[PDB]
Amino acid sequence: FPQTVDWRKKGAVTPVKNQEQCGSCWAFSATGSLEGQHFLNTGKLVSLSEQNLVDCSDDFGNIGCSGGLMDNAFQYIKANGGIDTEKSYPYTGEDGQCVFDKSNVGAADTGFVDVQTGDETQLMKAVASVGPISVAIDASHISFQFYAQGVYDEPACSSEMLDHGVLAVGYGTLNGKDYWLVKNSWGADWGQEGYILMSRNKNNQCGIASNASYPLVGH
């Protein structure tokens, strides 16, 4: 069982994207995890459309640029028969009318799995054995905005009040501190080329294992 995982090195992670000034973190987290599952089951890394989710998934509980949930997105994708490619349905950063096109579908899912709430050992097993995992975190603190390098360690973080969906693409240990390797949606100039190493095995810090999930593909 791996002590260190980095799904970028296996080709399962698209480049870092930028959600701009739209409350669409849930869409970027959902496309990130489904991008991983589609690659790991086909060998093709296909970038998927956050705008498709923002514009079209209101009937599954999402509210576009006003917020949403990754599991709501996975349910919409299942009911819809798929999600368009990023290339065919690119990102505007604003609410739009749904222009989903069946002929431009890049991936599909058949449901989703929620990781046991609060259980970082189960999240570790999912990252290792499934792929990149959608996760919800408390990113409300200025220390998160200003993160540069090393292992983020914010004792003021909440594990109950979560505001930001991101993607767990690996884990490891650095300077004796266990970490989660997390892809953000704030562009590549933020953090470490768009990534952050968050504290692991520090009592579910920032709630990273509180609302973790991934899409199911196939049977």
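Sequential numbering from 1, following the sequence displayed.
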Worksheet item: Would 45-53 or 154-162 have the larger average of its C-alpha temperature factors, as given in the entry?
Response: 154-162
Practice prompt. Higher average CA B factor in the deposited record is what I'm after, so tell me if that's 105-113 or 127-135.
Written response: 105-113
Worksheet item: Going by the entry, which of 199, 14, 18, 21 has the most elevated CA B factor?
Response: 21
Discussion item. Please say which third, lowest, middle or highest, residue 94 falls into when its CA temperature factor is compared across its chain.
Written reply: highest
Fill in: Chain third (lowest, middle, highest) by recorded CA B-factor, residue given as residue 33
lowest
Practice prompt. Taking the chain's C-alpha temperature factors as the reference, tell me which third residue 67 falls into: lowest, middle or highest.
Written response: middle
Discussion item. What third of the chain does residue 146 rank in for C-alpha temperature factor, lowest, middle or highest?
Written reply: middle
Worksheet, complete the sentence: Quick tally, chain-level thirds of C-alpha B-factors: residue 39 sits in the middle
